């Protein structure tokens, strides 16, 4: 309740562009980097494990940064959610963020967040699986 309602719109927008252009793009890399590690035959194990932990640490870090953004974005919606001031975003990927109806643009954004979380969670989960699989194999 502290800022101008349209300033929040502008912020919300910026916030979201982070998620799309930075947060998600990092995540796509990381998913691929994981697969890449698995592909590298056996190495030793001490060496393989190390690289996952290493990966894991980065993913947790980046997930955390992502969450912080989301969090600030949700807090913004605490004011402009269910309002006209829901920002408009020509995303190439979720079609709803450009929708003329602000309800839809809200939905769109919530979806994007969920999706993003799903994917992050799902990655940390695989990495942990792999680390257990390797643990027991050694």
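Numbering follows the first chain given and starts at 1.
Asks: Between 22-30 and 38-46, which has the higher average C-alpha B-factor in the PDB entry?
Replies: Comparing 22-30 with 38-46, the higher average CA B-factor belongs to 38-46.
Asks: Can you tell me whether 57-65 has a higher mean C-alpha B factor than 71-79 in this record, or the other way round?
Replies: On average, C-alpha B-factors are higher across 71-79.
Asks: Comparing residue 119 with the other modelled residues of its chain, is its CA B-factor in the lowest, middle or highest third?
Replies: Its C-alpha B-factor belongs to the lowest third of this chain's values.
Asks: Going by the entry, which third of its chain does the Cα temperature factor of residue 85 land in?
Replies: It falls in the top third of the chain.
Asks: Based on the entry's values, in what third of the chain does the Cα temperature factor of residue 98 lie: lowest, middle or highest?
Replies: Its C-alpha B-factor belongs to the middle third of this chain's values.
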